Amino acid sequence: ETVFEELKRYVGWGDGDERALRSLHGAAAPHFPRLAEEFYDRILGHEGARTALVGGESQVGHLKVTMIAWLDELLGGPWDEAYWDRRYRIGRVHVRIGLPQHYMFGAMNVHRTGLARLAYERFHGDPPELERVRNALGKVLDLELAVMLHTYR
């Protein structure tokens, strides 16, 4: 059993969560640019986080596209060994530039609430799909935060 497979076991990951995320994917995807911008605005609004923004104009576009791509993979999958390998590398990037890990809590909270809103917008008229999507979002984001934080060892 791989470490990432173990983590999946711990949160109760299954095919149902992968179906649910893919179901939200097509509906949320058009919103990704706005979600990335909102996320980046939260960074700009936080004195400490914004000290990472030393790369000038090019960095602004890079933060946007990276987060769009991240959200795309988040919801589209697959959530296999290659996926979690890449998430581990993403984590390490933040560790190597010196971002304190406590920022990641706040940052995952942004996505939690933002993706929860999109799920409601698409699925309010289909209560079982809404509930299931929400539980899938909780699981995937718990995995994501667990992996990111693990890179700080």
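Start at 1 with the first residue shown and count on from there.
- Item | Per the entry, higher mean C-alpha B factor between 53-61 and 95-103 | Comparing 95-103 with 53-61, the higher average CA B-factor belongs to 95-103.
Out of 37-45 and 66-74, which one has CA B-factors that are higher on average in the deposited record? On average, C-alpha B-factors are higher across 37-45.
Subject >> Member of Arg9, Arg19, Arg132, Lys139 with the greatest C-alpha B factor (per the PDB record) >> reply: By C-alpha B-factor in the record, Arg9 ranks first.
key: For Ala119, the third of its chain into which the C-alpha B factor falls   = Ranked within chain, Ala119 CA B lands in the middle tercile.
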